[PDB]
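Presented as structure tokens, the chain that follows is alone, the form deposited in one PDB entry.
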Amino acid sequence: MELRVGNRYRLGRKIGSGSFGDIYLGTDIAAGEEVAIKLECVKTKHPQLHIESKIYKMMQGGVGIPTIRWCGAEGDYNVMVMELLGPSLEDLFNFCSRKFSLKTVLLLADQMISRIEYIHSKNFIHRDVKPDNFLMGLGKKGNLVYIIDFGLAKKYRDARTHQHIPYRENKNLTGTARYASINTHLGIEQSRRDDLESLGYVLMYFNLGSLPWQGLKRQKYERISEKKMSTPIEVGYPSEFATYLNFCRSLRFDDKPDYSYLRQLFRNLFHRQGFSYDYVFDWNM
């Protein structure tokens, strides 16, 4: 009676949209676990689902990479089924009345840097770094930060040679303007530096509750750009956070980030503030 995709996954209601297409809840009846289901019309002009499924598979087994359960076709749609994950950092931030404590911001930072370094180690750049695209795990994996939504992800080097993409200009802002790097706002081809810089804005977003460039009425994107460029990093939180954003801006187009330095930057603060390494988040307490 009930709809089951490939007779395997009881269909649930809609959760959201991703870089492309709609996402749905489902239940894996045989495995007994909840799942997420993405559909793309096979009739679509520029198919995007196959590239993302190809990227997930190469990363499969990496810490915080969702596991693919099925990728088939049903009706007019292509389908990919992943294990269901928990709430996004955006949903946890709103759930906490838009207030995260420094300890939690720092605990998130350690994994978020680690997730981007992993992505980069596999020759892709994410290009859509925002709180919505980090999800906590379910159950015993609820302490693990996951990265999702590789639909705007791009290869930044070649697997064999490790030779970087070319400098390019006049490229529309891919991803979300609020967390976009200044280079991204300028139309510069995005590279590895831009994923970590966007994260730097994510950390200040968690600290501030909003960003200095968020309230504003092609022009809206222009307004966001001008406010960020016109806003000094120093324009009330521990200095380690400001050192991070300035470092990312100084990176060259092709430069490999010093990921270990950045993690150790926040951990030294984590230690000096004397927070416990118990991995208890604001929503745990």
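Whichever C-alpha set is largest while still superposing within 1.5 Å between the two forms counts as the rigid core. Position 1 is the first residue in the sequence shown; the rest follow in order.
The same protein also exists as the form deposited with a partner chain bound; that form is not shown, yet it is the one meant from here on.
- Stretch-level contact analysis of 112-120, 156-164, 170-178, 192-200 against the partner chain in the bound PDB entry, using heavy atoms and a 4.5 Å limit, identifies 170-178.
- Taking a 4.5 Å heavy atom cutoff to the partner chain in the bound PDB entry, the contact residue among 102, 188, 145, 152 is 152.
- This chain is displayed alone, yet in the bound PDB entry one of 224, 65, 49, 248 has a heavy atom within 4.5 Å of the partner chain; that residue is 224.
- At least one heavy atom of residue 130 is located within 4.5 Å of the partner chain in the bound PDB entry.
- Following superposition on the rigid core between this form and the one not shown, the residue from 260, 60, 44, 246 with a C-alpha displacement of 2 angstroms or more is 44, and no other.
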